[PDB]
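*Asks:* structure for the following, please:
(chains A, B, C, D, E and F)
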6 protein chains.
Amino acid sequence: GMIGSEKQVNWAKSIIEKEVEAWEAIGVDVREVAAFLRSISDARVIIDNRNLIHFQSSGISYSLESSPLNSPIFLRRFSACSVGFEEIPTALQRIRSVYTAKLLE
Amino acid sequence: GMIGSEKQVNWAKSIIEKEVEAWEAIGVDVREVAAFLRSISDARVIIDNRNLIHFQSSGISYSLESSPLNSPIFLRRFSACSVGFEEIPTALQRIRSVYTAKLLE
Amino acid sequence: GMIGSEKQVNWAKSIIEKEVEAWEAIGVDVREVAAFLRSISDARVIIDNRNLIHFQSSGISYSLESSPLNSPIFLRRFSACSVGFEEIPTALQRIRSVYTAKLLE
Amino acid sequence: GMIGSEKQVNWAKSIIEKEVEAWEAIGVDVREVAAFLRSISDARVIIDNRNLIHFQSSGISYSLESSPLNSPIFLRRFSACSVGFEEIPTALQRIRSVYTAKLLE
Amino acid sequence: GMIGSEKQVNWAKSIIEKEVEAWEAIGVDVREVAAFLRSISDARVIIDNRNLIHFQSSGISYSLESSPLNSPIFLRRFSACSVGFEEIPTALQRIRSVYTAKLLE
Amino acid sequence: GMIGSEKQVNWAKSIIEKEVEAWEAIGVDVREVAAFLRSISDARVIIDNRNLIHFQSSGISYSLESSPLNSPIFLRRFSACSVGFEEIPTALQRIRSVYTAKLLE
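*Replies:* Numbers count the residues shown, from 1 in each chain, chains lettered A, B, ... in the order given. There you are, the coordinates:
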């Protein structure tokens, strides 16, 4: 499973679940992003990036548009301890497109 | 299966099959679009949109370019009675790219 | 400038002014689209396309996203009687991006 | 031009000059971004956003890719006190494409 | 298996394996491209295009950016003797995005 | 303007005129590409790239789609001896979109 002390693994898992909850509160399919976050297997990387990745439930549109998960350069930091990072910028484009259309419809 | 009276289901199914036939007459892979159309599970939504979704076999290039299946806002109307709508704009981009290259080659 | 009979020219000019007013009611910069519409120099082409190009005030986002001005193929019909048609799909991407951001902000 | 108290204007002007210098240290054409920054006419808006917009010289590629100037939603806050904000996301795509090619060549 | 004489099949297979090796030396996931190349089932098409498809291990960034696998028109020549060509331009966009970010990070 | 020996300048100027004529034979607006070609100010750079840039009249669509003028990395070689190279990939997208629509219409 996730690498790190028992304290770090406990902390990292609560960070990931909090983020997955934020993404799932949007109301459109985010399964690909939730699976990516749950695949991150290094507690120290999760903890160090807990604030940088944070998704703000106030202002969903801006949170989606400005998320560092949009950035391939940012996602390199997960390249050795995650699954599916190569597709995550594409996934955010789709999610932004779907959520934007839901709001505008 | 599809929701609606027996008359509406019969009518909706003939609409969908007519559209699937139009898409399949293009001559490039359209399986993703055919599966999406066949997943629409509300006869009343199919009937109401039978003219808006219609694919004209005269002028395939323009039919592809102008199809409302290109539009995430339009596709919201299928969000609760279909499968795979989030990917359909992407699918049309690919199909347009493939068919255009076939014609130009 | 505008070619056509006196009645066609008068009708076409009024169609264009109506369309420009619809685009300018959005509330974001549409000067490039307004200039393109006012550059169309063939009354018959304007008249024949008066319904295909019509911009509906009732649903601005969908009017923008579904407008045939998004389509290079559609715009070919103005190629011999307008200025700036090559840039209009780009202009619509920009306007859609600006107006979408304004609504979501 | 710039609205605000004398101290706010002086602080805002120095913030903008600092940001322009950071962008101009990249070594590719950034004239459009420099012009946009120098067009912002509200000292309070500059001051309040001085950290959100700040361009870090230490990692140019990531600064470009993560800049909030990429975001139409973020730029809405300059819509009433600047010139050219509608084109700035496009400008950043171009600059990113040019600077990336220069580094990789 | 692959169509052609025993000599042509031997030659074509060595061409494909040499290309797959070049793509795999990049150091990012290229499985989709390797599978596409290994799906090409006509030795004569592989042999005729051995130089056009060649990936230069000197200058990986330019080889990726300039590869004819980016071009749907070029890929039409494999439409009847390959699997997955419709997705290959998309795959190159992703690979370019991933490798570029790895280098820039 | 153009640097080089008298023979190199004469050869380079004739190469550029040949290329401009090839681009202008397409029949859509290529003024921006023509201006860029005529802005190249180093005879040796033109001569060394005369075959890499050459535009073939026999297959216009593929010449457009495969042109190295699509590539920011390739264009870096003109960065110190031309005007407008940063916009040329965008220009080629536009020209490809216009010419494609003209053929398909």
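
*Asks:* residue boundaries of the helices in chain A?
*Replies:* Here chain A has its helices, by DSSP state H, at A:6-24, A:31-39, A:43-48, A:60-66, A:72-75, A:88-104.

*Asks:* possible to save the ones you listed as a markdown table with distance to chain D and mean neighbour count?
*Replies:* For the C-beta atoms, the positions are set from N, CA and C on the backbone; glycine is no exception. Shown next, in a markdown table, are those (distance: least, Cβ to the nearest Cβ, whole Å; neighbours: other Cβ atoms under 10 Å in any protein chain shown):
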| stretch | distance to chain D | mean neighbour count |
| --- | --- | --- |
| helix A:6-24 | 18 | 16 |
| helix A:31-39 | 18 | 17 |
| helix A:43-48 | 16 | 19 |
| helix A:60-66 | 5 | 20 |
| helix A:72-75 | 5 | 22 |
| helix A:88-104 | 10 | 19 |
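
*Asks:* out of those helices, the one nearest chain B is which?
*Replies:* helix A:88-104 (3.5 Å; Cβ to the nearest Cβ).

*Asks:* do that closest one and chain C meet?
*Replies:* Yes: counting by Cβ under 8 Å from any Cβ of the partner chain, chain C has neighbours in helix A:88-104: A:100, A:103, A:104.

*Asks:* related to what we said a few turns ago, and the helices of chain A as CSV, adding distance to residue D:9?
*Replies:* Supplementary listing: the helices of chain A in CSV, determined by distance: least, Cβ to Cβ, whole Å:
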stretch, distance to residue D:9
helix A:6-24, 39
helix A:31-39, 43
helix A:43-48, 39
helix A:60-66, 28
helix A:72-75, 36
helix A:88-104, 37
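
*Asks:* nearest to residue F:88, of these?
*Replies:* Among the helices of chain A, the nearest to residue F:88 by Cβ to Cβ is helix A:72-75 (24.2 Å).

*Asks:* other SSEs contacting that closest one?
*Replies:* Applying 3 or more Cβ pairs under 8 Å, 6 or more residues apart in numbering or on different chains; DSSP states H and E, one finds that helix A:72-75 contacts helix A:88-104, helix D:60-66, helix E:88-104.

*Asks:* work out the gap between that helix and the centre of the chain.
*Replies:* 12 Å (Cα atoms, centre = their mean, to the nearest Å).

*Asks:* who touches that helix?
*Replies:* Residues from elsewhere that reach helix A:72-75 (Cβ atoms under 8 Å, 6 or more residues apart in numbering or on different chains): A:52, A:68-69, A:85, A:88-89, D:61-62, D:65-66, E:97-98, E:100-101, E:104-105.

*Asks:* okay, the helices and strands packed on helix A:72-75 in JSON lines with distance to residue B:5 next?
*Replies:* As requested, these are exported to JSON lines (distance: least, Cβ to Cβ, whole Å):
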{"stretch": "helix A:88-104", "distance to residue B:5": "29"}
{"stretch": "helix D:60-66", "distance to residue B:5": "54"}
{"stretch": "helix E:88-104", "distance to residue B:5": "42"}
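
*Asks:* tabulate those (TSV), appending distance to chain B.
*Replies:* Formatted as TSV, the helices and strands packed on helix A:72-75 follow (distance: least, Cβ to the nearest Cβ, whole Å):
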stretch	distance to chain B
helix A:88-104	3
helix D:60-66	23
helix E:88-104	7
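
*Asks:* those: which one's closest to chain F?
*Replies:* Of all those, helix E:88-104 comes closest under Cβ to the nearest Cβ, at 10.3 Å.
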